[PDB]
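The chain below stands alone and is given as structure tokens, in the form deposited in one PDB entry.
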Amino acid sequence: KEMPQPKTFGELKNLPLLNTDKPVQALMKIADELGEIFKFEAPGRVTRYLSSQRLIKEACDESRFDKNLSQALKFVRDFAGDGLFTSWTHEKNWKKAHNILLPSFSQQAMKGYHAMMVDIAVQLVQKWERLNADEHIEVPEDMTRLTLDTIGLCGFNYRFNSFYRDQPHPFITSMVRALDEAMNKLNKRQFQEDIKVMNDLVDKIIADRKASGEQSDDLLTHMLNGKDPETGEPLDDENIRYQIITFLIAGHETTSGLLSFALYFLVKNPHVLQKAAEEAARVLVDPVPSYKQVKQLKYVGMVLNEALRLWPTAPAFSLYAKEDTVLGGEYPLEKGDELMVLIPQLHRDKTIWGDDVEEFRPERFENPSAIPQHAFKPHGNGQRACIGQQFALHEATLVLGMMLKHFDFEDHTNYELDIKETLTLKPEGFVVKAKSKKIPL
């Protein structure tokens, strides 16, 4: 009944505990010591961190809890506006965009984004094919180039051309700077400058597109043509711009982090790498992978789910209680009380996953139906779950598959995992050498 709580520092409460570069990892160690639920206080605030599937399945009951805008999400709203990621469920533009955009993010819709995803994946592979013997790969850096350019192309048919330069396109520079500043907030002149850089570019392409009348395979075309079935209204130009900025912010680092952690785990587990490589060789028989072929990369998909189990790259999400309620028969909550889902801890619940939780074993995803409800949530929950989940996984499966078809990989530095935390997680400094198998691309 009494909720555990970590060390307090007078009026600062628990605040000094996340005055660290790695607060989620600090929170996992607190969860290790205190168990499935603890109270966390800051001067004006209170939360409860949840770690067990027991309590989190209740937190995911949408009749009882809804997505909360955490402080991080409120700072990101300064440039992400009322796009899907930073809106209350009850805001009109949340429901409008959700309704219009949902079918355009379905597994079926991936068929239409496939060609441009392939476009950028081929640019990454070709870069690595062109490296000289004396060179290596900076993995998260190249995966972020890849995901930024893919979401740019698929999002609004715009080419950042990240593989053509040392210094990113100025939008990306501003976007990264802006995101950086909002997290550090947990400067102002630069912040305002970088917001303008982003709106100016995105507003222009929207204007350009409406002028030309061109119809493309991108999300922008869907959004200009879409009408909310409920209200019958379309999105206005301003919200369309926030949705575009939102896809980039929410999708670029989560997805490149996934690809990075997956290649990390594969080079640290050569038997798993070989099984994955053998599937990729058998399935991707063409110089350019097809939509259907990506779907047949089942073990690669398990690899990615298992990397998501151990290091879900957007590792915590916030909820509020809709009404007074009791959590797991022991913890009374008041309307509006906040809950944080600590997803990496959820994914380490030995009562669900067995005792070998720290082991990288993709085979645990061999039978999806065998995973109990709400045990695996790297994409959040219910109607506020990641709308980009099919996009992220199709992208990552495509690219990792191509990586394994075309190269052998070496952990030439015997890399020691160092997890950098921002809004997302990634293995900082992860580097590898790739030797080409000289297969037609």
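The first residue of the shown sequence is 1; numbering continues from there. Superpose the two forms; the largest set of C-alphas matching within 1.5 Å is the rigid core.
Keep in mind that the form solved in complex with a small molecule is missing from the display, and what follows is about it.
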{"query": "Residue 261, heavy atom within 4.5 angstroms of the small molecule in the bound PDB entry", "finding": "no"}
{"query": "Residue 15, heavy atom within 4.5 angstroms of the small molecule in the bound PDB entry", "finding": "yes"}
{"query": "In the bound PDB entry, residue 221 touching the small molecule (heavy atom, 4.5 Å)", "finding": "no"}
{"query": "Residue 289: touches the small molecule in the bound PDB entry, heavy atom cutoff 4.5 angstroms", "finding": "no"}
{"query": "Triplet 49, 72 and 340 all within 4.5 Å of the small molecule in the bound PDB entry via a heavy atom", "finding": "yes"}
{"query": "Heavy atom within 4.5 Å of the small molecule in the bound PDB entry - residue from 59, 37, 398, 27", "finding": "27"}
{"query": "Contact residue in the bound PDB entry, chosen from 235, 321, 280, 316 - any heavy atom within 4.5 Å of the small molecule", "finding": "316"}
{"query": "Segment assignment from 63 to 71, 50 to 58, 29 to 37, 403 to 411: heavy atom within 4.5 Å of the small molecule in the bound PDB entry", "finding": "63 to 71"}
{"query": "Only residue that shifts (Cα, 2 Å or more, rigid core superposed) between this form and the one not shown, among 200, 230, 363, 91", "finding": "200"}
{"query": "Post core alignment: residue 343 C-alpha displaced by 2 Å or more between this form and the one not shown", "finding": "no"}
{"query": "After fitting the core, residue 158 CA displacement of 2 Å or more between this form and the one not shown", "finding": "no"}
{"query": "Displaced residue check between this form and the one not shown: residue 209, CA, 2 Å or over, core reference", "finding": "yes"}
{"query": "Residue pair residue 24, residue 176 - Cα distance in the bound PDB entry, closer or farther (3 Å or more)", "finding": "closer"}
{"query": "In the bound PDB entry, whether the C-alpha atoms of residue 107 and residue 347 sit closer or farther than here (change of 3 Å or more)", "finding": "farther"}
